[PDB]
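*Asks:* pasting the sequence and an experimental structure:
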Amino acid sequence: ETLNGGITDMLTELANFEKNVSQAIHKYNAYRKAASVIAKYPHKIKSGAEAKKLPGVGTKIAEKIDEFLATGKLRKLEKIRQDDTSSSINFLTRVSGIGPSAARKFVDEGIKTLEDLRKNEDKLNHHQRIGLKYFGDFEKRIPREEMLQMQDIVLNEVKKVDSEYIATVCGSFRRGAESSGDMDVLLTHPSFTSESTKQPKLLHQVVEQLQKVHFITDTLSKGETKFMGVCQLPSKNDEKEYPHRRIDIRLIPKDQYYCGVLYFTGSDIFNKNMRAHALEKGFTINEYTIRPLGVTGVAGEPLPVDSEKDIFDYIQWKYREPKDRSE
DNA sequence: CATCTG
DNA sequence: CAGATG
Ligand code: NA
Ligand code: NA
């Protein structure tokens, strides 16, 4: 956790590069387990020879540990840091919709900057185009105070559309966090579930509302159960307009709500711990369900849950307010 | 994973 | 359809 940090950290830049610049999924995948194991490793790795010992830890890595151990630097790392090429990728990649794959192509066409992009908006797609157009805003963290305002909006319009809707705004927001990245809303309806063969209007209808009243400004991808978008807090009495926000709405069959609701809410650490416990308590949990685990090795059959409470119950645990869901 | 592109 | 992105 701090005893072998830089090591795990160099590994990480190394790995990241591989997969972002080079295409070395192979190698890339390698730095990773690597970082992962040294990470759990309980001692002060004094040498490469010491790491090699570890599994995942090959001769090359040990090569890299020794040098970095030997000098507070890595040549490769250092050479990688300057390299304009590697920089452009790692950069453009910051635009929504611009991945690495596209990172390469653009650079390879000589687009390597914000301006580059604008100049060539044509080579970008709707998503990439919005991505670039709200470059800044998208980079901006979300203050709780805004979050509550938005939530108030989402919930009011959904209500309006059907008293039967059940929205939940998950994430750290839910966990209490002072700020957030993006607005994540979990959506269901009675009239929608497991067997219940579709009803796409279920998701559409709302999208429209939020768009009616101008909350949602753009579509990233609107599918039949997942809409990826952009929303905005109405600018009050003009002088202070809000930033443009990344909002994501997803339809869920009522018979599956709280499982997800739990889940999306995190934290990741909480999930695992909660997941492992389930397992003890004779069960299994995942994003959609919680099932009675048999002895033969495995077994299923989705237990029926009416709230986040039913779940906890199942695994015989302390109902935890979203707050303490930390770890 | 579900949507998108081309 | 493969392949990318989030
Ligand atoms: Na090894
Ligand atoms: Na991106």
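*Replies:* Nice, thanks for sending it over. Numbers count the residues shown, from 1 in each chain, chains lettered A, B, ... in the order given. Ligands and ions are numbered 1, 2, ... in the order given.

*Asks:* how far off centre is the longest strand seen in chain A?
*Replies:* When every strand of chain A is counted residue by residue (DSSP state E), the longest turns out to be strand A:244-253. Taking CA atoms, centre = their mean, to the nearest Å, the mean C-alpha location of strand A:244-253 is offset from the chain mean by 13 Å.

*Asks:* hmm, who's touching the helix or strand just after that strand?
*Replies:* Of the helices and strands lying after strand A:244-253 in sequence (DSSP states H and E), the nearest is helix A:257-264. Helix A:257-264 has contacts (CB atoms under 8 Å, 6 or more residues apart in numbering) with A:166, A:168, A:170-171, A:174, A:184, A:186, A:188, A:252, A:271, A:274, A:285-290, A:305-308, A:310-311. Where you see a C-beta, it was placed from the backbone N, CA and C, and this is true even at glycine.

*Asks:* tabulate the CA atom coordinates of helix A:257-264 in CSV.
*Replies:* Coordinates of the C-alpha atoms in helix A:257-264 are reproduced here as CSV (Å, rounded to 0.1, in the frame of the first residue of the first chain):
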residue,chain,number,x,y,z
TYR,A,257,-34.2,-3.0,-9.4
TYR,A,258,-32.6,-3.3,-5.9
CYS,A,259,-30.0,-5.7,-7.1
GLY,A,260,-28.6,-3.2,-9.3
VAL,A,261,-29.5,-0.4,-7.1
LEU,A,262,-27.4,-1.9,-4.5
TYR,A,263,-24.6,-2.6,-6.9
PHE,A,264,-24.3,0.7,-8.8
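
*Asks:* near DNA strand B, anything from that helix?
*Replies:* No: Helix A:257-264 stays clear of DNA strand B (CB under 7 Å from any atom of the strand), getting no nearer than 11.9 Å.

*Asks:* what's the helix or strand that that helix is followed by in contact with?
*Replies:* Once the chain leaves helix A:257-264, the next helix or strand it forms, by DSSP H and E, is helix A:268-280. In this structure, residues lying in contact with helix A:268-280 by CB under 8 Å, 6+ apart are A:262-263, A:284-285, A:290, A:293, A:314-315, A:317, A:325-327.

*Asks:* distance from the chain centre to the helix or strand following helix A:268-280, please.
*Replies:* As assigned by DSSP H and E, the chain's next helix or strand after helix A:268-280 is strand A:283-285. Centroid displacement of strand A:283-285 relative to its chain, using CA atoms, centre = their mean, is 23 Å.

*Asks:* also stretch A:8-18?
*Replies:* 20 Å.

*Asks:* tell me, how many residues neighbour residue A:263?
*Replies:* Residue A:263 sits with 21 neighbouring residues when counted by other CB atoms under 10 Å.

*Asks:* now the buried members of the contacts of helix A:268-280.
*Replies:* Buried members of the contacts of helix A:268-280, scored by 16 or more other CB atoms under 10 Å, are A:262-263, A:284-285, A:290, A:293, A:314-315, A:325.

*Asks:* how close does the residue lying closest to residue A:21 once chain neighbours are set aside get to residue A:38?
*Replies:* Excluding the flanking residues, the one nearest residue A:21 by CB to CB, 6 or more residues apart in numbering is residue A:86, at 4.8 Å. Separation of residue A:86 from residue A:38 (CB to CB, to the nearest Å): 24 Å.

*Asks:* who has more neighbours, the two?
*Replies:* Neighbours per residue (other CB under 10 Å) separate residue A:86 from residue A:38, with residue A:38 holding more: 23 against 18.

*Asks:* could I get the buried residue list for whichever helix or strand the more buried one is part of?
*Replies:* Under the criterion DSSP H and E, the helix or strand holding residue A:38 is helix A:25-40. For helix A:25-40, burial by neighbour count (16+ other CB under 10 Å) applies to A:27-28, A:30-35, A:37-39.

*Asks:* following element in sequence after that helix, please.
*Replies:* Scanning forward in sequence from helix A:25-40 by DSSP H and E, the next helix or strand is helix A:48-52.

*Asks:* in that following helix, what counts as buried?
*Replies:* Going by neighbour count (16+ other CB under 10 Å), the buried part of helix A:48-52 is A:48, A:50-52.

*Asks:* quick check: closest non-adjacent residue to the residue in the stretch 51-200 of chain A that DNA strand C sits nearest to.
*Replies:* Across the stretch 51-200 of chain A, no residue is closer to DNA strand C than residue A:99, which sits at 1.8 Å (CB to the nearest atom of the strand). The shortest distance from residue A:99 to any non-neighbouring residue, by CB to CB, 6+ apart, is to residue A:93 (6.7 Å).

*Asks:* over to residue A:170?
*Replies:* Nearest to residue A:170 is residue A:264, by CB to CB, 6+ apart, at 4.0 Å.

*Asks:* also residue A:38?
*Replies:* In this structure, residue A:38 finds its nearest non-sequential neighbour in residue A:4, 5.1 Å apart by CB to CB, 6+ apart.
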